[PDB]
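The next block holds one structure in the form of structure tokens; read it before the comments.
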There are 2 protein chains.
Amino acid sequence: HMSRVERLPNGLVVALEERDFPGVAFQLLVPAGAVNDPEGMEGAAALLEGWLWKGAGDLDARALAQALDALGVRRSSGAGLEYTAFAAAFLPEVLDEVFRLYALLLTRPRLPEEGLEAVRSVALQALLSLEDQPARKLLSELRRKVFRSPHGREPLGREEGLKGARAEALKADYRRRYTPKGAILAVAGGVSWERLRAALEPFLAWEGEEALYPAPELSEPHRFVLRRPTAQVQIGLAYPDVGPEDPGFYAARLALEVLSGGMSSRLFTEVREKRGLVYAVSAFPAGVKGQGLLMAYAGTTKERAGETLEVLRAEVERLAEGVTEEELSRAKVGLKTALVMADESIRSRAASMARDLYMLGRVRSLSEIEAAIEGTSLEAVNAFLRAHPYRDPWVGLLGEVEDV
Amino acid sequence: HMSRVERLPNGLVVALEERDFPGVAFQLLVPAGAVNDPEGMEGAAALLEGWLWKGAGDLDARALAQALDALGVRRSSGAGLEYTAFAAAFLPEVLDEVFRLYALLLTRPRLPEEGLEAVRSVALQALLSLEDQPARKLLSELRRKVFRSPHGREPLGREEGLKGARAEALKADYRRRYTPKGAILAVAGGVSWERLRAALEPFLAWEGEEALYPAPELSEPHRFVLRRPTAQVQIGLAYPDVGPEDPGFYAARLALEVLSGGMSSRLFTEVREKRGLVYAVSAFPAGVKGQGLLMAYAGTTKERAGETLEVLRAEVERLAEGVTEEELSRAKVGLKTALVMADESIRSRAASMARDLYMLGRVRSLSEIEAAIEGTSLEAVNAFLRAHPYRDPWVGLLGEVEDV
């Protein structure tokens with residue numbers, strides 16, 4: 001499997017990975033997200049994404065949904081921190097018409113003022129549900145404390161931002177941020193490059209200015225508490241980490257697999273198997289372009305929260321002492337299996353291609369990644385871990401926890 | 001793609017779907033679940049599944065996790081309502097050794113009394129987290145109200161059952177319910193039938209009695225309230241429905257796709273797009289072998305809960321009046337696309353094969369399903385919907401809601 005990438009004259013980056021499969025999937029990233037919402041309009045990208053689906057060209061909201069449903073398009077979309085993602089999957093016979101409708105949605109949305117109040121009401125319910133999801137609530141507050149910059153914002157918005165956003169300001173925001181310069185379209189499946197290029201002709205009309213991204217700025221590490229009457233205390237840790245834009249990435253990814261990648265990993269072994277402190281514990285990347293971040297999470301009772309946090313923090317920070325030959329061997333075979341399984345689906349491959357393009361400006365081949373991981377030595381991992389220890393986390397707790 | 005199915009001499013049903021893919025996945029269902037937990041030991045199947053992973057043969061808990069991690073096995077397992085499922089994915093070179101270790105886990109678990117207290121503590125945290133998940137909490141209480149029989153039980157157990165379960169009673173329960181008679185192993189991927197059969201030799205030793213399943217028994221429909229200080233009211237509806245074991249299944253599945261299967265569906269259109277009442281709304285099957293059930297869910301504010309419940313209930317019960325030619329056309333293309341995409345992954349195909357075997361005793365081919373759906377007429381769907389209207393739901397609310 002090989003990938004082909006091109007920048008169209010308007011700046012849209014399009015990538016294709018052809019496969020012998022009667023199906024096509026894409027992932028379209030538009031560079032409008034919470035990170036570049038207008039000041040005082042936290043939630044604009046969430047409102048824009050919902051407002052797009054209220055009609056395009058001659059189709060109103062219901063006719064647009066029917067038109068894509070009549071093509072068999074299985075789809076989802078949503079505004080994120082750094083971009084708004086649109087995912088679609090369909091059979092190859094409807095290729096031309098699917099792409100014509102998505103170009104219409106992006107470049108000629110109706111944006112009806114009547115439909116806006118339904119968009120706003122839906123967005124406010126989505127934001128409200130975060131309050132009933134203590135794990136997600138804690139980690140969202142955690143990233144907000146970590147960043148002084150807009151990279152701390154919640155992708156669902158803020159209540160006052162969603163409530164005060166006015167129609168004409170939102171339209172002006174749409175005309176500014178829904179730009180092809182910085183947008184990425186990644187496609188996988190049973191379509192040739194020539195047939196895909198002909199289908200993208202309606203996208204050539206899309207025009208815009210380069211998308212703005214503020215620089216990341218960390219706060220100073222500190223501990224914070226959200227006092228809530230939950231059944232379990234939510235514990236969250238955040239550490240600066242390397243992300244994909246680092247020559248040490250494969251070493252850090254192998255060390256992360258040792259820390260948290262399976263049943264024999266450090267966190268599962270110490271927090272759950274031996275001590276029985278939690279059902280849920282994990283460590284996972286949670287950063288942005290320009291600032292990687294390692295987040296750790298555990299849920300437990302308030303009686304065990306102190307010991308859980310101590311063990312969790314000890315395991316992350318002990319990683320600097322290195323991993324063993326056997327630990328590393330297991331990490332390489334596990335990641336290989338995960339990579340092969342995540343390559344199987346065209347939907348997940350389109351998503352991976354798009355993130356690679358966003359973060360690196362190129363698509364990494366599966367063969368390149370597997371060989372780089374297999375051929376990362378123990379000494380390389382140990383040396384990286386000594387030079388880059390995890391220290392000085394932000395600490396967040398949500399639950400029946402004391403504070404001053 | 002063709003499937004081969006055989007019952008081994010001990011009663012284990014094994015199915016294989018060979019594919020041109022350097023990967024293998026399976027789904028193993030063991031017929032121990034909450035539905036046949038011993039009286040007073042609600043949670044036994046949850047304890048057994050966790051206790052299995054505390055060692056098998058000469059391997060203790062940590063050595064067992066390392067042994068499977070050294071093979072690159074990506075895996076998950078959990079006790080459900082009707083069975084305990086074990087899922088694994090790995091590359092074909094480790095086939096023989098993976099299956100030898102899973103046969104060891106099932107037939108010669110160590111079940112150490114020392115490890116049991118960690119199993120119980122973990123299971124109690126899992127059950128406790130349900131209290132912080134209002135949507136899941138509501139739907140779990142809903143199914144409990146629907147069934148008088150054990151099909152109402154919560155798969156995570158009950159607090160008193162988990163707390164009082166004793167080691168020797170649990171071992172006796174393991175020897176009774178972990179039986180090959182009723183167990184199902186479904187495999188997909190790059191392994192031949194001959195190589196799979198040789199790998200399953202360690203499973204031939206497994207022996208047991210036929211698994212017991214009580215008959216389903218419904219309660220009488222009624223409304224119940226769980227008063228909780230949540231941000232959103234959780235609304236749940238439950239209706240008797242046909243399940244897979246019905247000649248009307250394809251008609252009902254097409255009607256369900258019209259009701260709730262996408263953006264142009266009845267529920268999304270009326271509850272969300274037009275009225276903006278919710279972010280989340282859905283209808284989905286939720287029944288057991290011998291008793292299908294249709295569940296509907298919506299989350300909203302207490303101010304809108306009355307109108308949301310009215311619209312939700314009206315749309316489900318209005319379905320009896322039929323669907324249109326266009327609605328049906330869209331449903332067929334959408335389901336076709338979903339079926340083709342759900343067939344792509346060997347992991348999801350192993351899971352589908354196993355449920356088919358559990359519910360029907362045979363594996364349905366993709367081609368058979370697609371043709372049956374494409375060739376279900378409007379008149380067939382209309383006639384089925386008139387003969388089987390959704391009426392008289394159980395109604396559950398969780399939130400700041402009044403009750404008497």
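How things are named: the first chain in the structure tokens is A, the next is B, and so on; residues count from 1 in each chain; ligands count from 1 in the order shown.
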
With only C-alpha atoms as the counted atoms, please give the residues lying no more than 9 Å from residue A:377, apart from itself and same-chain residues fewer than 5 positions off, as JSON, numbers by chain. {"A": [251, 328, 382]}

Would you give me, as an NGL selection string, the residues of chain A that come within 8 Å of chain B, using only C-alpha atoms? :A and (23 or 61-62 or 65-66 or 69-74 or 89-91 or 117-119 or 121-123 or 125-126 or 128-129 or 131-134 or 230-232 or 262-264 or 269 or 272-280 or 300-301 or 329-331 or 333-338 or 340-341 or 344-345)

Strand (DSSP E) positions in stretch 175-377 of chain B, given as a PDB file with C-alpha atoms, in the first residue's frame:
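part_30.pdb written:
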ATOM      1  CA  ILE B 184     -18.837 -20.668  20.960  1.00  0.00           C
ATOM      2  CA  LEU B 185     -15.497 -19.894  19.307  1.00  0.00           C
ATOM      3  CA  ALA B 186     -15.630 -17.755  16.138  1.00  0.00           C
ATOM      4  CA  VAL B 187     -12.408 -16.948  14.246  1.00  0.00           C
ATOM      5  CA  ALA B 188     -11.690 -14.711  11.234  1.00  0.00           C
ATOM      6  CA  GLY B 189      -8.480 -14.007   9.371  1.00  0.00           C
ATOM      7  CA  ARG B 223     -43.189   4.158  34.804  1.00  0.00           C
ATOM      8  CA  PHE B 224     -40.407   4.541  37.356  1.00  0.00           C
ATOM      9  CA  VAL B 225     -38.167   7.399  38.477  1.00  0.00           C
ATOM     10  CA  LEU B 226     -34.662   7.500  39.952  1.00  0.00           C
ATOM     11  CA  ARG B 227     -34.384  10.907  41.596  1.00  0.00           C
ATOM     12  CA  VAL B 233     -32.764  14.190  32.843  1.00  0.00           C
ATOM     13  CA  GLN B 234     -32.163  10.715  31.418  1.00  0.00           C
ATOM     14  CA  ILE B 235     -35.239   9.439  29.543  1.00  0.00           C
ATOM     15  CA  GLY B 236     -35.563   5.752  28.700  1.00  0.00           C
ATOM     16  CA  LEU B 237     -38.283   3.790  26.886  1.00  0.00           C
ATOM     17  CA  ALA B 238     -38.536   0.016  26.458  1.00  0.00           C
ATOM     18  CA  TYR B 239     -40.889  -1.906  24.114  1.00  0.00           C
ATOM     19  CA  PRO B 240     -41.164  -5.630  23.354  1.00  0.00           C
ATOM     20  CA  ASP B 241     -39.735  -6.252  19.889  1.00  0.00           C
ATOM     21  CA  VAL B 281     -31.168  10.539  21.157  1.00  0.00           C
ATOM     22  CA  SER B 282     -31.334   6.976  19.841  1.00  0.00           C
ATOM     23  CA  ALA B 283     -33.309   3.755  19.556  1.00  0.00           C
ATOM     24  CA  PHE B 284     -31.501   0.417  19.502  1.00  0.00           C
ATOM     25  CA  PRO B 285     -32.122  -3.279  20.208  1.00  0.00           C
ATOM     26  CA  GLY B 292     -36.367  -8.924  21.852  1.00  0.00           C
ATOM     27  CA  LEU B 293     -36.620  -5.406  23.190  1.00  0.00           C
ATOM     28  CA  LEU B 294     -36.488  -1.931  21.631  1.00  0.00           C
ATOM     29  CA  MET B 295     -34.961   0.757  23.821  1.00  0.00           C
ATOM     30  CA  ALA B 296     -35.141   4.478  23.168  1.00  0.00           C
ATOM     31  CA  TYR B 297     -32.957   7.041  24.943  1.00  0.00           C
ATOM     32  CA  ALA B 298     -32.734  10.824  25.100  1.00  0.00           C
ATOM     33  CA  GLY B 299     -30.924  13.268  27.407  1.00  0.00           C
ATOM     34  CA  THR B 300     -32.304  16.764  27.994  1.00  0.00           C
TER      35      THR B 300
END

Quick one: pick out all helix (DSSP H, G or I) residues within stretch 158-229 of chain B from a backbone DSSP run and write them as a PyMOL selection string. chain B and resi 159-164+167-177+193-199+201-205

Stretch 242-249 of chain B surroundings by only C-alpha atoms, 8 Å radius, close-in-sequence under 5 positions cut, as number ranges by chain: B: 285, 287-293, 359-360, 384

Need the shell around residue A:14: protein/DNA/RNA residues with any atom at most 10 Å away, counting only C-alpha atoms. Skip same-chain ones fewer than 3 positions apart. Format as a PDB file with N, CA, C and O atoms, in the first residue's frame?
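Contents of the output file part09.pdb:
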ATOM      1  N   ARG A   4      -0.409   8.716  -2.130  1.00  0.00           N
ATOM      2  CA  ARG A   4      -0.113   9.846  -2.999  1.00  0.00           C
ATOM      3  C   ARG A   4      -0.705  11.105  -2.380  1.00  0.00           C
ATOM      4  O   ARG A   4      -1.845  11.079  -1.914  1.00  0.00           O
ATOM      5  N   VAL A   5       0.073  12.190  -2.341  1.00  0.00           N
ATOM      6  CA  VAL A   5      -0.348  13.430  -1.691  1.00  0.00           C
ATOM      7  C   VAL A   5      -0.143  14.582  -2.656  1.00  0.00           C
ATOM      8  O   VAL A   5       0.881  14.653  -3.340  1.00  0.00           O
ATOM      9  N   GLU A   6      -1.113  15.487  -2.713  1.00  0.00           N
ATOM     10  CA  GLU A   6      -0.959  16.685  -3.529  1.00  0.00           C
ATOM     11  C   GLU A   6      -1.621  17.860  -2.842  1.00  0.00           C
ATOM     12  O   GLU A   6      -2.660  17.712  -2.191  1.00  0.00           O
ATOM     13  N   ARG A   7      -1.031  19.031  -3.013  1.00  0.00           N
ATOM     14  CA  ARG A   7      -1.662  20.279  -2.629  1.00  0.00           C
ATOM     15  C   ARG A   7      -2.350  20.852  -3.864  1.00  0.00           C
ATOM     16  O   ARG A   7      -1.696  21.075  -4.889  1.00  0.00           O
ATOM     17  N   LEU A   8      -3.666  21.062  -3.778  1.00  0.00           N
ATOM     18  CA  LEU A   8      -4.407  21.698  -4.854  1.00  0.00           C
ATOM     19  C   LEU A   8      -4.039  23.178  -4.954  1.00  0.00           C
ATOM     20  O   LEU A   8      -3.489  23.754  -4.013  1.00  0.00           O
ATOM     21  N   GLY A  11      -4.700  25.381  -2.050  1.00  0.00           N
ATOM     22  CA  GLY A  11      -4.013  25.072  -0.813  1.00  0.00           C
ATOM     23  C   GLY A  11      -4.491  23.825  -0.097  1.00  0.00           C
ATOM     24  O   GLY A  11      -3.787  23.351   0.808  1.00  0.00           O
ATOM     25  N   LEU A  28     -11.911  14.662   6.488  1.00  0.00           N
ATOM     26  CA  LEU A  28     -11.673  16.039   6.093  1.00  0.00           C
ATOM     27  C   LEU A  28     -11.465  16.858   7.360  1.00  0.00           C
ATOM     28  O   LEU A  28     -12.332  16.871   8.237  1.00  0.00           O
ATOM     29  N   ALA A 183      -6.551  23.148   5.371  1.00  0.00           N
ATOM     30  CA  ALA A 183      -7.483  22.026   5.350  1.00  0.00           C
ATOM     31  C   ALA A 183      -6.810  20.814   4.717  1.00  0.00           C
ATOM     32  O   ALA A 183      -5.918  20.943   3.867  1.00  0.00           O
ATOM     33  N   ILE A 184      -7.237  19.636   5.161  1.00  0.00           N
ATOM     34  CA  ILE A 184      -6.648  18.360   4.781  1.00  0.00           C
ATOM     35  C   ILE A 184      -7.770  17.393   4.413  1.00  0.00           C
ATOM     36  O   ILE A 184      -8.745  17.250   5.161  1.00  0.00           O
ATOM     37  N   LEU A 185      -7.644  16.738   3.264  1.00  0.00           N
ATOM     38  CA  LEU A 185      -8.561  15.670   2.885  1.00  0.00           C
ATOM     39  C   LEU A 185      -7.747  14.405   2.658  1.00  0.00           C
ATOM     40  O   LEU A 185      -6.878  14.386   1.788  1.00  0.00           O
ATOM     41  N   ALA A 186      -8.010  13.366   3.460  1.00  0.00           N
ATOM     42  CA  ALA A 186      -7.343  12.074   3.358  1.00  0.00           C
ATOM     43  C   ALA A 186      -8.382  11.016   3.014  1.00  0.00           C
ATOM     44  O   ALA A 186      -9.409  10.924   3.682  1.00  0.00           O
ATOM     45  N   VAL A 187      -8.096  10.195   2.005  1.00  0.00           N
ATOM     46  CA  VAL A 187      -9.040   9.221   1.464  1.00  0.00           C
ATOM     47  C   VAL A 187      -8.348   7.860   1.421  1.00  0.00           C
ATOM     48  O   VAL A 187      -7.156   7.773   1.092  1.00  0.00           O
ATOM     49  N   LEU A 196     -10.405  10.122  -8.221  1.00  0.00           N
ATOM     50  CA  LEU A 196     -10.576  11.015  -7.083  1.00  0.00           C
ATOM     51  C   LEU A 196     -10.360  12.459  -7.499  1.00  0.00           C
ATOM     52  O   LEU A 196     -11.110  13.351  -7.085  1.00  0.00           O
ATOM     53  N   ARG A 197      -9.359  12.703  -8.342  1.00  0.00           N
ATOM     54  CA  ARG A 197      -9.063  14.067  -8.755  1.00  0.00           C
ATOM     55  C   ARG A 197     -10.228  14.671  -9.519  1.00  0.00           C
ATOM     56  O   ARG A 197     -10.580  15.838  -9.304  1.00  0.00           O
ATOM     57  N   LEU A 200     -12.925  15.785  -7.121  1.00  0.00           N
ATOM     58  CA  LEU A 200     -12.631  16.948  -6.279  1.00  0.00           C
ATOM     59  C   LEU A 200     -12.745  18.279  -7.013  1.00  0.00           C
ATOM     60  O   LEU A 200     -12.620  19.328  -6.373  1.00  0.00           O
ATOM     61  N   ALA A 354      -4.761  11.622   7.989  1.00  0.00           N
ATOM     62  CA  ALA A 354      -5.064  13.036   8.186  1.00  0.00           C
ATOM     63  C   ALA A 354      -4.289  13.621   9.365  1.00  0.00           C
ATOM     64  O   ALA A 354      -3.868  14.781   9.317  1.00  0.00           O
ATOM     65  N   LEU A 357      -0.716  14.120   8.319  1.00  0.00           N
ATOM     66  CA  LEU A 357      -0.580  15.311   7.481  1.00  0.00           C
ATOM     67  C   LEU A 357      -0.670  16.574   8.319  1.00  0.00           C
ATOM     68  O   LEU A 357       0.141  17.497   8.150  1.00  0.00           O
TER      69      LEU A 357
END

Residues near residue B:182, anyone? I mean within 7 Å using only C-alpha atoms, not counting same-chain ones fewer than 5 positions away, as a PyMOL selection string. chain B and resi 12+31+210-211

With a distance cut-off of 12 Å and only C-alpha atoms, select the neighbouring residues of residue A:46, excluding the residue or stretch itself and same-chain residues fewer than 5 positions from it, and output the selection as a count of residues only. 40

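The shortest atom-to-atom distance to residue B:395, with only C-alpha atoms taken into account, belongs to B:309 out of B:172, B:256, B:309, B:286.
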
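Taking atom CA of residue B:202 as the reference point, atom CA of residue B:43 is found at 28.9 Å.
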